[PDB]
Structures are given as C-alpha cells and as structure tokens.
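*Asks:* Just dropping in an experimental structure and the matching sequence.
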Amino acid sequence: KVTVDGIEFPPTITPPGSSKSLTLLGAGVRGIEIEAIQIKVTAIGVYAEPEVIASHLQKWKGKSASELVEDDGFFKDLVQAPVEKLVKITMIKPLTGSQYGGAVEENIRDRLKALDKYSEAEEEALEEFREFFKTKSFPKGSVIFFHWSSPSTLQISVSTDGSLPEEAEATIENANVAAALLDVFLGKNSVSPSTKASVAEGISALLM
Ligand SMILES: [Cl-]
C-alpha cells in the first residue's frame with residue numbers, strides 16, 4: 001500500500017464496471033499554494049496492469065527512481081502507453097461538484113489550447129465532463145474513479161462515502177481530452193509532483 005495524508009491506497013483496485021484488477025504504481029497529494037498558504041485538496045493514486053505496462057517501458061529498465069523521475073520522456077511514455085489505467089481521487093478538502101469539475105476542466109482546456117488541440121469535439125467532451133460533475137458533491141473522503149478503458153475512452157464514477165461504484169457512471173469518448181487528463185497528473189506542470197515521485201518509485205521497482 002501507499003498511505004497519503006492518512007489515506008490508504010491499496011495495492012490493487014478493480015475499476016467500476018470492470019473485472020480486471022489493476023495494481024498501484026504510486027500515490028501522492030495535490031496541494032495548492034498561494035501567498036505561502038498551503039492547502040491539501042486531494043490524494044491521488046495511479047493504477048495499471050504491471051506486466052502489460054512494463055512491456056511498453058522496457059527502454060527504462062534498470063533505471064532508478066531518481067533517474068526516471070527527472071526524465072520527462074519517461075512520463076510521456078507512460079501517458080502514451082496504450083494500456084488500461086485508473087486514477088483514484090480521494091477528497092481531502094470538501095468541494096462541490098462544480099468546484100472540482102470546473103478546475104479539472106480548466107486544466108484540461110488550457111492544456112489543449114496550448115497544443116492547438118482544442119476544437120469542437122473537445123469542447124463537447126468537456127461539456128459532458130461538466131454536466132457529470134454538476135450534480136455531484138465531494139465531502140471529505142468522497143472518491144472519484146477516472147478509468148481509461150481505451151486510449152480514447154474515459155469512464156468516470158464517484159461516491160460520497162468511499163464506496164466502490166458498481167458501474168461507470170459517465171463515458172466520454174475523445175482521445176485528446178483523455179490524454180490531457182492523464183497529463184494533468186503525470187505531465188509537466190502536474191498538479192502533483194508527489195504522485196509523480198511515487199509512480200517513479202513504483203515503476204523503477206517494477207522494472208526490477
Ligand atoms: Cl485531483
């Protein structure tokens with residue numbers, strides 16, 4: 001397990017609507033700082049299938065956690081790897097659905113605009129993202145499951161109490177939004193350098 005801010009991230013999770021078990025790569029915290037005030041917003045865990053994802057990362061074999069974490073190409077390879085992925089979010093700071101969703105939407109939208117990959121299709125995908133989160137509430141301990149069921153298919157499920165949903169609650173089909181959301185966590189300018197640091201540890205260990 002990796003414990004973050006008192007929150008357990010277990011070694012394995014089965015995505016909602018899925019039967020396949022995914023394994024923990026790493027976990028960390030998303031914190032914000034302004035005028036020296038630090039606030040922990042969420043904890044983040046990243047899951048995939050160990051040997052399947054090791055199969056796409058053999059060029060990083062033998063490398064240490066220190067080596068991997070400072071190589072941007074490493075995280076790029078991980079975002080791009082066409083394998084099943086899951087990101088679990090556990091809420092630390094209480095947020096409304098609109099609050100949480102609006103910020104991740106903005107992050108994705110800004111990333112796509114920077115790449116000149118924000119067009120009508122992506123706009124509609126992010127409107128669906130918005131529609132989904134608008135009806136939700138995120139008290140402390142609530143959870144979000146972002147599941148990459150295909151490289152271009154994002155499933156979202158939530159629970160207010162930390163239970164594991166039985167099914168994907170929303171499905172968004174758009175390759176650019178799906179990759180951009182991964183980059184929110186694993187890209188340059190990640191919301192969580194700690195999560196990246198932990199994933200580097202996990203994959204370094206995994207590539208023996
Ligand atoms: Cl988050």
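*Replies:* Yep, that arrived. Numbering: from 1, shown residues only.

*Asks:* which other helices and strands contact whatever helix or strand residue 66 lives in?
*Replies:* Using DSSP states H and E, residue 66 maps to helix 65-70. Contacts defined by 3 or more Cβ pairs under 8 Å, 6 or more residues apart in numbering; DSSP states H and E place helix 65-70 against helix 193-206. (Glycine included, C-beta is placed from N, CA and C.)

*Asks:* excluding its backbone neighbours, what's nearest the closest residue to the ion within the chain?
*Replies:* Ranking the residues of the chain by distance to the ion (Cβ to the ion) places residue 42 first, at 4.1 Å. Counting by Cβ to Cβ, 6 or more residues apart in numbering, residue 30 is the residue found nearest to residue 42 once chain neighbours are left out, at 4.6 Å.

*Asks:* next one: residue 86
*Replies:* Setting aside the residues directly before and after it, residue 86 is nearest to residue 47 in space (Cβ to Cβ, 6+ apart), at 4.1 Å.

*Asks:* How about the secondary structure of the one you found?
*Replies:* Judged by DSSP: H, G, I helix; E, B strand; the rest coil, the three-state class of residue 47 is strand.

*Asks:* what about it, neighbour count?
*Replies:* One way to gauge burial is a neighbour count; for residue 47, by other Cβ atoms under 10 Å, it gives 27.

*Asks:* For the helix holding residue 66, list every residue counted as buried.
*Replies:* By 16 or more other Cβ atoms under 10 Å, the buried positions in helix 65-70 come out as 65, 68-69.

*Asks:* Stretch 125-141 too?
*Replies:* In stretch 125-141, residues buried by neighbour count (16+ other Cβ under 10 Å) are 125-126, 128-129, 132-133, 136-138.

*Asks:* Now, those residues that are in strands?
*Replies:* Per DSSP state E, strands hold the following members of these: 137-138.

*Asks:* Pairing partners for the helix or strand harbouring residue 24, with directions?
*Replies:* Secondary-structure assignment from DSSP H and E places residue 24 in strand 22-34. Sheet pairing here is set by DSSP bridges, and for strand 22-34 it gives strand 12-13 (antiparallel), strand 37-48 (antiparallel).

*Asks:* Reformat these as a markdown table; add distance to residue 57.
*Replies:* Listed next are these as a markdown table, based on distance: least, Cβ to Cβ, whole Å:
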| stretch | distance to residue 57 |
| --- | --- |
| strand 12-13 | 19 |
| strand 37-48 | 10 |
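
*Asks:* For the residue sitting nearest the centre point of the chain, give the beta-bridge partners.
*Replies:* Central residue of the chain (Cα atoms, centre = their mean): residue 87, 3.8 Å from the mean position. The partner list for residue 87 in beta bridges (DSSP bridges) reads residue 46, residue 146.

*Asks:* Do I have it right that it meets residue 155?
*Replies:* No. Assessed by Cβ atoms under 8 Å, residue 87 is found out of contact with residue 155, at 11.0 Å.

*Asks:* Now do the shared contacts for the two.
*Replies:* Contact with both residue 87 and residue 155 is made by residues 145-147, according to Cβ atoms under 8 Å, 6 or more residues apart in numbering.

*Asks:* Tell me which helix or strand residue 101 sits in.
*Replies:* Assigned by DSSP H and E, residue 101 falls in helix 97-114.
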